[PDB]
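*Asks:* Build me a model:
(one chain, ligands or ions: 1)
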Amino acid sequence: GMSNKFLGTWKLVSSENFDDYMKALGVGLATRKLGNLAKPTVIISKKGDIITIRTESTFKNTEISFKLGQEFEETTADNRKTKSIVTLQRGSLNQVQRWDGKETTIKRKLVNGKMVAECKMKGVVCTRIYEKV
Ligand SMILES: CCCCCCCCCCCCCCCC(=O)O
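*Replies:* Residues are numbered from 1 along each chain as shown. Below is the structure in question.
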């Protein structure tokens, strides 16, 4: 299953191309301005085969709980109501969200002890680097 090295608290230290990613998702300007300023904490935990990813920031908190390979309903930080799934691939923790005939992916992987999130929408790609704290 998911590596235990994902478990714990992670802090955003770098974000690249997040503004264009949010645009591609259809996020409006005022929300994007706050989104670009946010430096969330992400807390990954597990109870049995249920994994929880909680995101905390001054602007927005989100939380998803899921089993790998099992579709679930998600309300995103930007309040999209999506059909989502999280699966592993070569140890990467990969999330897909689908809504209104659209799709976006968020791939979270461990790289030299950091967690790197790569987000893709319509060929637009974001990279967010987190330090374990
Ligand atoms: C919770 C982040 C700040 C709030 C930003 C709200 C508008 C965009 C939200 C949707 C995209 C979220 C992608 C997060 C990927 C990650 O975990 O780094």
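
*Asks:* What parts of the protein come near the ligand?
*Replies:* 22, 27, 31, 35, 38, 40, 42, 55, 57, 59-60, 76-78, 106, 117, 119, 128 (C-beta under 6 Å from any ligand atom). The C-beta positions use only the backbone N, C-alpha and C, and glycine is treated the same way.

*Asks:* Show only the entries of those residues found in strands.
*Replies:* Counting by DSSP state E, the part of the residues of the chain next to the ligand found in strands is 42, 55, 106, 117, 119, 128.

*Asks:* Quick one: those residues as TSV, columns for neighbour count too.
*Replies:* Converted to TSV, these look like this (neighbours: other C-beta atoms under 10 Å):
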residue	neighbour count
42	21
55	18
106	21
117	19
119	22
128	23
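
*Asks:* Pull up the gap between residue 110 and the ligand, please.
*Replies:* For residue 110, the distance to the ligand equals 14 Å [C-beta to the nearest ligand atom, to the nearest Å].

*Asks:* any idea whether the residue nearest to that residue when sequence neighbours are not counted is helix, strand or coil?
*Replies:* Of all residues not flanking residue 110 in the chain, residue 5 sits nearest, at 5.6 Å (C-beta to C-beta, 6 or more residues apart in numbering). Look at residue 5: counting by DSSP: H, G, I helix; E, B strand; the rest coil, its state is helix.

*Asks:* how many neighbours does residue 13 have?
*Replies:* 12 (other C-beta atoms under 10 Å).

*Asks:* Nearest residue to it in space, please, no chain neighbours.
*Replies:* Spatial nearest neighbour of residue 13, excluding adjacent residues (C-beta to C-beta, 6+ apart): residue 131 at 5.1 Å.

*Asks:* Noted, bye for now.
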